[PDB]
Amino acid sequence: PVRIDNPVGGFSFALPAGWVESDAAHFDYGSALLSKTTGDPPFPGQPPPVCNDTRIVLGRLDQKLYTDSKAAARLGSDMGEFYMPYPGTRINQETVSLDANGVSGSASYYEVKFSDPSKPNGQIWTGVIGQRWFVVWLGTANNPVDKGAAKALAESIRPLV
């Protein structure tokens, strides 16, 4: 169990097994971007290969932006445009209640069946917890969102004091 502090964003979280940070700059402004290692280890000290069709973003959710249920739905809709900007239809929608050590939240999940029959279906899970924090886990039919792990990641969020 690996806990990561994000002091600018005011929270800590548990790093999902098999994931690394994608860059350092997100932490400058209170966010975090994570990538999934492929499992093939790099030479020691060098950066590991990571998947290009899945990613996780988390951070403080600005008080100016966006109930946690309504917020996660709205954020999830916007995130899906930003990360999956191709025409398609939303299918297999779900909402999930969150409880991060007693701090309530909500998440919205859905899949995108793209108009392009050669594109794998997109998948997106967006959680809001709470001061408020968000978690977005993006994947595809070939590299699916791990819904149980996304819930565990959001429920691992703790405010820093």
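Note that residue numbering follows the sequence shown and begins at 1.
Counting the deposited residues that fall between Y66 and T67 and carry no coordinates gives a value of 4 to 9. In the deposited sequence, the stretch from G59 to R60 has no residues without coordinates, so the chain runs on without a break. Comparing the deposited coordinates for 33-41 and 121-129, the stretch with the larger average C-alpha B-factor is 33-41. Look at the mean CA B-factor for 24-32 and for 108-116 in the entry; the higher one is 108-116.
Among all modelled residues in this chain, the alpha-carbon of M79 has a temperature factor (C-alpha) in the lowest third. The entry lists a Cα temperature factor for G139 that places it in the lowest third of the chain's modelled residues.
In the PDB entry, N101 places in the highest third of its chain by CA B-factor. Sorting the modelled residues of the chain by their CA temperature factor places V2 in the highest third. In the deposited entry, the Cα temperature factor of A17 sits in the top third of values across the chain's modelled residues.
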